[PDB]
Amino acid sequence: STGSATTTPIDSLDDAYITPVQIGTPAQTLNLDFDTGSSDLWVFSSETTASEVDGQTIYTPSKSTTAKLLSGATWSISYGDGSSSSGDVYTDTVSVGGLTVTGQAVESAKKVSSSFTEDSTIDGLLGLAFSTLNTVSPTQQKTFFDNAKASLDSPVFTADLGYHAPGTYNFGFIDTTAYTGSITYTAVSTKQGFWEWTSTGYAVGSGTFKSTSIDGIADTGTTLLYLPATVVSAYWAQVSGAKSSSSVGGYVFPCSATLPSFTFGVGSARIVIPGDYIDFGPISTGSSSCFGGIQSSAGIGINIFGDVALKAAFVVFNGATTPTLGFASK
């Protein structure tokens, strides 16, 4: 089996990407945030506190003939940005881009935090990290990828995120037309439940490459690129007027600037993030101060190769017995 689905930025900044998902019988289509940094598939639903729903499409289990309540199961999750959600659990049929899993745990939200309510374009999350992070209790549940794996032509999925443009998530095959040159594979540690790997270094603009190991996670559910303070300081030092602002919460820069590119290492290979990808626009409507797309990971406790990095590449999430990550330019 294979699947292929288009993923679309939710706004002009690429703050996140939504991908249509069919749930239940007849299908209910919800637009989910595919998240390689978490392992719960949860949805706005008919059970969600009414006051906490503002424009999202909801899943209504009672209208699905294949929905079954998973008796006694509950879930509760908190994300790195402080958002949270929780509820109960159904099993149902879930299809992504033609690929169908029967008996998928669909986690139904009874409660969601304000950030989710406030984002009318995201109907839920579909987690694609390792199933060990799944929060369902008392019986932990598998991810959509985990459930699909055995049926797939190849035990892989790929992320091809667009810059201010649609992209693609594929399951079960590698589209050799979707990237240039070759794919460079690198080792993964599953020890923290993430697609965790080690970049071989970085460069700023046309500067010389600095060889140095940067341990981080490939996380499609995080907007920005979070790296050690040393690295981030070296990048923003090349932008006149850029500074770290505690009041804004990160590096800002004059909106009149031309940003340099940022290169990161995958083994011997290099992925170049164009400078434009690092511009996230005025800090507030009408401001001439713009928010940077590369920020310090200090105080996160982990480095995050978020969408800013990943959208510069074709990324293979290889779920073989020994998982690996592959990166290609595109």
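Don't overthink the numbers, they just go from 1 along the chain as shown.
A Cβ is built for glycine as well, from the same backbone N, Cα and C atoms used for every other residue.
Features as listed in Swiss-Prot:
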ACT_SITE  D35  active site
ACT_SITE  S199  active site
DISULFID  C255-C290  disulfide bond
DOMAIN    17-328  domain 'Peptidase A1'
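Counting neighbouring Cβ atoms within 10 Å of each of the recorded positions (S199, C255, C290), the lowest count belongs to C255. Separation of the C-alpha atoms of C290 (disulfide bond) and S199 (active site): 27 Å, rounded to the nearest whole number. The separation of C255 (disulfide bond) from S199 (active site), Cα to Cα, is 30 Å.
Long-range Cβ proximity for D35 (active site), meaning a same-chain Cβ under 8 A and a gap of 6 or more residues, is found for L125, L126, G127, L128, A129, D219, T220, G221.
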